[PDB]
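Participant:
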Amino acid sequence: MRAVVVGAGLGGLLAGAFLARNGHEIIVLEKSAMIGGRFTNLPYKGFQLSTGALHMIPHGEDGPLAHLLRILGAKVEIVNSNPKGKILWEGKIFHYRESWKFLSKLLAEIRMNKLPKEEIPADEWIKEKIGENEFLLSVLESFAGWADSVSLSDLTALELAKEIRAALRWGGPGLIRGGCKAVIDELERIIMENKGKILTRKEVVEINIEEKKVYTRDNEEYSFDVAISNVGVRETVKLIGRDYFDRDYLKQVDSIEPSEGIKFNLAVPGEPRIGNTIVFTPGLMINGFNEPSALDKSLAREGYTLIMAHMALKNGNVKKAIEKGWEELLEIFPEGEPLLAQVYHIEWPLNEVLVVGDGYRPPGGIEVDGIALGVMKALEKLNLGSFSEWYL
Ligand SMILES: Nc1ncnc2c1ncn2[C@@H]1O[C@H](COP(=O)(O)O)[C@@H](O)[C@H]1O
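In the entry's author numbering, the protein residues as written are 1 to 104, 113 to 352, 366 to 413.
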């Protein structure tokens, strides 16, 4: 069939690649002059920074994203973090396993697939099931900030449980050789080698459901059998037209408030300081940081190591937050020199048009693995793809 993809972000390119591979006619329409959206590279002062993800995948080689890339025929080198993760507490960075020493479990239950019937905040359920441990609640707060850009109290016990299940199933994160762009380049190649088209500088202004045609600002017409939107729920509703949605759904969409985050790109002189791993920072505004060049050295500038820290903004003041961000990094990395700070239920009702990308991350799906999980679900909903429940 004919599929028109609106937006060339990770979700859009994954869907386009999968469908093109399966013999469908794919046309990707990208508004900007470059593809990749918030999952590609940003050359900057001799460093390969990113437009979003920290050149890392939440579950590395083991999650939904890696699986999708493998079955698509993408050749991308993803290496899981040495220890799955580490923690910075009371002046020391240690292996996550050491954490138990701060305690006097339910992971076994989550392993058994048994999730909480409880409908209470995640911080509340942790206190009850485990206890009010000042260390644990602090680390889980960093996890929530890093993986979901919210406070632990902002997650339901069920959501945290599902993310915990995902971690037990697919393990820790992994770095990408070549950065995020490596993935983008492969998806672009797969689409082009499978009869697909990728048109940049094509801004979609209307997804007409009745005519089944997509219109661009420059008046070009593209008819479709299926349309895949990688532009987010709110914008997609606008492109289609509000009248095509139920009143209560429009209420939910108009109520969506994106959770902002701040990224700190730090140029530390010398050799890698942490290697292929992530470091949670309980107690700080920053939630954690990684060292992408620990795998691909070309990502950093000569004689330098690239450090990327993530900070969930919440209701923080940008100027103050950025300042507090560099302050904490100065304390952790005295020789570090600031490079750039970057600032970033009713289900979808239609079937001819579906949404993929950050606007659709199924429960338990973290960041880009969450994006990939959404693409899998969309494909199944279209009865155009089938995936093991090990990934769903
Ligand atoms: N109206 C539009 N038509 C086509 N592409 C768009 C439109 N709005 C946003 N985009 C692109 O959609 C992509 C979504 O990227 P991301 O936010 O990473 O999913 C970006 O590459 C945007 O430039």
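Beta carbons: idealized from backbone N, C-alpha and C, even for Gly.
1) With a threshold of 16 other CB atoms inside 10 Å of the CB of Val-212, please say whether the residue is buried or exposed.
2) Taking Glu-219 as the reference, give the member of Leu-207, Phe-232, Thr-208 and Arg-209 with the closest Cα.
3) My assumption, with CB atoms under 8 Å, is that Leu-303 sits in contact with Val-79. Please give the rounded CB distance.
4) Report the option in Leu-400, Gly-378 and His-55 whose CA atom is closest to the CA atom of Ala-190.
5) Hey, would you say the C-beta of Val-213 is under 8 Å away from at least one heavy atom of ligand 1?
6) Sorry if obvious, but does the Cβ on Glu-268 come closer than 8 Å to a heavy atom of ligand 1?
7) Classify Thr-224 as helix, strand or coil using the three-state DSSP reduction.
8) From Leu-195, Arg-173 and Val-147, pick the residue whose C-alpha is nearest to that of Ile-26; which is it?
9) Can you tell me where the beta strand (DSSP E) with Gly-296 in it begins and where it stops?
10) Once DSSP output is grouped into helix, strand and coil, what is the label at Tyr-352?
11) Within the same chain, show all residues whose beta-carbon is closer than 6 Å to that of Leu-400, passing over the 5 residues directly before and after it, in chain order.
12) Considering just the uninterrupted stretch of the beta strand (DSSP E) at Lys-328, what are its terminal residues?
13) Can we count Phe-39 as close to ligand 1, meaning its CB is less than 8 Å from some heavy atom?
14) Name the DSSP bridge partner or partners of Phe-94?
15) Between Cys-188 and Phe-39, how many whole angstroms is the CB-CB distance? I'm expecting something under 8 Å.
16) Please name the residue or residues paired with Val-212 in a DSSP beta bridge.
17) DSSP state of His-366, grouped into three classes?
18) Are at least three pairs of beta-carbons, each pair with one atom in the stretch 136 to 150 and one in the stretch 27 to 36, less than 8 Å apart?
19) How would you label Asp-251, buried or exposed, when you count the other beta carbons within 10 angstroms and need 16 or more for buried?
20) Could you tell me if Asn-284 is buried or exposed, where buried requires 16 or more neighbouring beta carbons within 10 angstroms of its beta carbon?
21) Go to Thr-313, then tell me how far its beta strand (DSSP E) extends in each direction, as first and last residue.
22) Smallest Cα separation from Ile-387: which of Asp-62, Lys-328 and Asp-254?
23) Assign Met-200 to one of three DSSP states: helix, strand, or coil.
24) If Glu-268 and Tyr-412 are in contact, beta carbons under 8 Å, what's the gap, nearest whole angstrom?
25) In whole angstroms, what separates the C-alpha of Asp-226 from that of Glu-214?
26) Apply the 10 Å Cβ neighbour rule to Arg-255 and answer buried if 16 or more other Cβ atoms are within range, or exposed otherwise.
27) Sort out for me which residues DSSP pairs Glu-345 with in a bridge.
28) Which same chain residues, not among the five before or five after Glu-336, have their C-beta less than 6 Å away from its C-beta?
29) One question on the structure: do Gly-186 and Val-76 come within less than 9 Å of each other, judged by their Cβ atoms?
30) Could you give the first and the last residue of the continuous alpha helix (DSSP H) run that contains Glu-243?
31) Measure the CB-CB distance between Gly-73 and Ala-66 and report whether it falls below 9 Å.
32) Quick one: grab the DSSP three-state call for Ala-8.
33) Are the CB atoms of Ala-20 and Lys-203 within a distance shorter than 9 Å?
34) Leaving aside the five residues before and after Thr-224 along the sequence, list all residues of the same chain whose C-beta is less than 7 Å from its C-beta, in chain order.
35) Exposed or buried, what is residue 107 when buried is set at 16 or more other beta-carbons lying within 10 Å of its beta-carbon?
Facilitator: Reading off the structure:
1) With 16 or more other Cβ atoms inside 10 Å of its own Cβ, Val-212 counts as buried.
2) If we check each option's Cα against that of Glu-219, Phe-232 comes out closest.
3) Between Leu-303 and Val-79, the beta carbon gap of about 6 Å places them in contact (Cβ cut-off 8 Å).
4) Taking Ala-190 as reference, the option from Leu-400, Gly-378 and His-55 with the minimal CA-CA separation is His-55.
5) Within the cutoff, so yes.
6) No, since every heavy atom of ligand 1 falls outside the 8 Å radius drawn around the Cβ of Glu-268.
7) Annotated three-state conformation of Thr-224 is strand, per DSSP.
8) Checked all of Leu-195, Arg-173 and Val-147; the closest Cα to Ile-26 is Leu-195.
9) Start and end: 296 to 298.
10) Residue state, collapsed to three classes: coil.
11) Only residues of its own chain outside the window of five on either side were considered, and among them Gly-406 have a CB closer than 6 Å to the CB of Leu-400, listed in chain order.
12) That residue, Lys-328, is in no beta strand (DSSP E); its alpha helix (DSSP H) goes 326 to 340.
13) Indeed, a heavy atom of ligand 1 lies less than 8 Å from the Cβ.
14) Beta-bridge pairing links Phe-94 to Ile-87.
15) Indeed they touch by this definition, with Cβ atoms about 5 Å apart.
16) Looking at the DSSP output, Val-212 shares a beta bridge with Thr-224.
17) In the structure shown, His-366 adopts coil according to DSSP, grouped into three states.
18) Counting Cβ pairs under 8 Å, fewer than three are found: no touch.
19) With fewer than 16 other Cβ atoms within 10 Å, it is exposed.
20) Under this definition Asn-284 is a buried residue.
21) In the DSSP annotation of this structure, the continuous segment of the beta strand (DSSP E) that includes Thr-313 starts and ends at 312 to 320.
22) For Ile-387, the closest of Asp-62, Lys-328 and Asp-254 by C-alpha to C-alpha distance is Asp-62.
23) In the structure shown, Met-200 sits in a helix (DSSP, three-state: H, G or I).
24) Actually they do not touch by this definition, with Cβ atoms about 30 Å apart.
25) Using only the alpha carbons, I get a separation of about 12 Å.
26) Classification for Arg-255: exposed.
27) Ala-275.
28) The beta carbon of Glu-336 sits closer than 6 Å to those of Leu-292 and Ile-294, all from its chain and outside the five residues before and after it, given in chain order.
29) In this structure, the beta-carbon distance from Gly-186 to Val-76 falls below 9 Å.
30) Element bounds for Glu-243: 241 to 248.
31) Against a cut-off of 9 Å, the Cβ pair of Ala-66 and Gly-73 comes out as no contact.
32) Here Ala-8 sits in coil by DSSP.
33) A contact, by the Cβ cut-off of 9 Å.
34) Counting only Cβ-Cβ distances below 7 Å, and skipping sequence neighbours, we find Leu-29, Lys-210, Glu-211, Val-212 and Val-213.
35) Shown without residue 107, the model has the chain running from 104 straight on to 113.
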